[PDB]
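Here the structure is laid out as structure tokens; the discussion comes afterwards.
Rule-based calculations on the coordinates, nothing more; no lab input. Here the Cβ positions follow ideal geometry from the backbone for every residue, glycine too, while neighbour counts run over all protein chains shown.
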Amino acid sequence: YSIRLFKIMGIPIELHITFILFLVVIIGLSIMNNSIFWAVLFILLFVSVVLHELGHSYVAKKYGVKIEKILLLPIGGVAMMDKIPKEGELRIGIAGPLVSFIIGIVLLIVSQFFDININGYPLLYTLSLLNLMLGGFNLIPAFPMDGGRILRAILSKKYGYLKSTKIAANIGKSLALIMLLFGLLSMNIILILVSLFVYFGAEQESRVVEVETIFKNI
Amino acid sequence: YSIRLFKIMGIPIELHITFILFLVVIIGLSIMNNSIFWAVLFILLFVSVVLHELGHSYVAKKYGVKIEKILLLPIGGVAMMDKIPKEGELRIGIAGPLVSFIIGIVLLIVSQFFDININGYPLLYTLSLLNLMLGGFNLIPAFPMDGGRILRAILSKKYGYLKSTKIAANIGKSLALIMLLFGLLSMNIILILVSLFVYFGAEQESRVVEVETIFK
Ligand SMILES: [Zn+2]
Ligand SMILES: [Zn+2]
């Protein structure tokens, strides 16, 4: 159950229940206390997320418009697609990080010649920063971050799709575990919570790929 | 210890064993098959790391400027320095990743309108990708990648340098090890190799006192 919002660049943008309930809790927590910008941030963040998962989309269309919808799950955003070529990945993958990087580098320059001050925080400036992280972070050569499909790509035709998958996927698992060890060691929920997303995000890849391979190898 | 190479702008530039071992693996890999590429890459990487360690430098000179040495790793650079002005951390740390990032994003675009083919291998394109990974990789909160000098900072104020360094550095050794077990267990040299760079990278950052010698 998603809720229509509006279509941009010819792609349906939806809001998942999980995202709405999540948003509602945020909007509410932006009133139970005066955490004003916290709510606005969440909004900017996901607006930015939209665009990132849009660039990803575009470069993809120019390969097979399996792009039906685009729903925002509280953990970022997912662009509902279908079959994805193995010789188009490397592009579709970096596609999104470019967009959010460019957007971030521009809004960054401009947010030094003009911006909007809300209780001080310069929306323009703030954003560029986020886009920059969203751009750069999605480049760590690991899974589920774009840099994972990208690293697999560069590797694929040399280590075989499954092994080259496993490497990316393995490093995720690697990073996640360590992240956990310290989120669990300093008892800092968010660290922990994120370590789990990343990790099961990497594993969900080995599983499917792997299962698949076995099925192809008859 | 490492091996002297050459200096620039009055700063000694060295090459940690990390790069020698990595060199060695590449030289050997260029005999495993009729390479050109593996040698090419080592050069591209090296060049890209230099630039990464240059951005780190610039933003630094516009501050404390305390740049005495520069150790280069295929991962990044453990540019040995001292006092770090307030806001030089956060900045000097991300300074390098941005360079590596922009350089990578630029050459990436360009390498779709023009390139240089060496026995096939497209130099510009290749490059962009290394800088992108080299940029993105250094965002992992551990040593010696840049995401550690920055994690130390955010942490520092609540634990203090001496042990606040150990923490990040410890995170590295721990991360490394695990990664090793993976590379070791799946016989994937790459994991293994990086696993080593990382580790000895933490061993070399987790230092606090170093007694050298000089012959000028
Ligand atoms: Zn993405
Ligand atoms: Zn660096």
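Quick notes on this structure:
- Of the residues making up segment B:59-71, those that are within 14 Å of ligand 2 (Cβ to nearest atom) and either within 14 Å of chain A (Cβ to nearest Cβ) or part of a helix (DSSP H, G or I) (or both) are B:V59, B:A60.
- Count of segment A:66-115 residues which are more than 11 Å from ligand 1 (Cβ to nearest atom), touching a strand residue (DSSP E or B) at 6+ places or on another chain (Cβ under 9 Å) and β-branched (V, I, T): 2
- Residue in segment B:160-177 that is nearest to the other protein chains (Cβ to nearest Cβ), counting only those that are of a type in the set (A, V, I, L, M, F, W, C) and within 20 Å of the chain's Cα centre (by Cα): B:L175
- Residue identified as within 28 Å of A:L191 (Cα to Cα) and touching a helix residue (DSSP H, G or I) at 6+ places or on another chain (Cβ under 7 Å) among B:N138, B:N170: B:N138
- Restricting attention to segment A:105-149, the residues being part of a loop (DSSP other than H, G, I, E, B) and either more than 12 Å from chain B (Cβ to nearest Cβ) or surrounded by fewer than 23 Cβ atoms within 10 Å (Cβ to Cβ) (or both) number 10.
- Every pair of residues 6+ apart whose Cβ atoms lie under 9 Å, when the first sits in segment A:1-22 and is in contact (Cβ under 8 Å) with a residue 12 or more places away in the chain and small (G, A, S) while the second is assigned to a helix (DSSP H, G or I) and surrounded by 17 or more Cβ atoms within 10 Å (Cβ to Cβ): A:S2/A:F19
- Filter pass, B:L155 being in a helix (DSSP H, G or I), within 16 Å of ligand 2 (Cβ to nearest atom), free of Cβ contacts under 8 Å to residues at least 60 places away in the same chain and surrounded by 14 or more Cβ atoms within 10 Å (Cβ to Cβ): no
- Filtered residue count, segment B:89-102, keeping only those that are under 16 Å from A:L98 (Cα atoms) and surrounded by fewer than 22 Cβ atoms within 10 Å (Cβ to Cβ): 2
- For segment B:77-87, the count of residues that are surrounded by 21 or more Cβ atoms within 10 Å (Cβ to Cβ), more than 20 Å from A:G135 (Cα to Cα) and of a type in the set (A, V, I, L, M) is at least one.
- The numbered conditions (1) surrounded by fewer than 14 Cβ atoms within 10 Å (Cβ to Cβ); (2) out of contact with any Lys or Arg (no Cβ under 8 Å at 6 or more places or on another chain) are all true for B:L23 except (1).
- Within segment A:51-71, the set of residues being surrounded by 17 or more Cβ atoms within 10 Å (Cβ to Cβ) and either in contact with a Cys (Cβ under 8 Å, 6 or more places away or on another chain) or hydrophobic (A, V, I, L, M, F, W, C) (or both) comprises A:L51, A:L54, A:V59, A:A60, A:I67, A:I70, A:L71.
- Scanning segment B:72-92 turns up no residue that is closer than 25 Å to B:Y125 by Cα, part of a helix (DSSP H, G or I), within 14 Å of chain A (Cβ to nearest Cβ) and within 11 Å of ligand 2 (Cβ to nearest atom).
- Restricting attention to segment B:181-198 and to residues that are more than 19 Å from B:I20 (Cβ to Cβ) and part of a helix (DSSP H, G or I), the residue that is nearest to the other protein chains (Cβ to nearest Cβ) turns out to be B:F182.
- Scanning segment B:133-152 for residues that are of a type in the set (D, E, K, R) and within 12 Å of ligand 2 (Cβ to nearest atom) yields a total of 2.
- If the condition is being more than 10 Å from chain B (Cβ to nearest Cβ) and in contact with a helix residue (DSSP H, G or I) (Cβ under 6 Å, 6 or more places away or on another chain), then segment A:150-159 contributes A:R152, A:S156.
- Residues in segment B:59-83 that are without any contact (Cβ under 8 Å) to a residue 60 or more places away in the chain and among the β-branched types (V, I, T): B:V59, B:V65, B:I67, B:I70.
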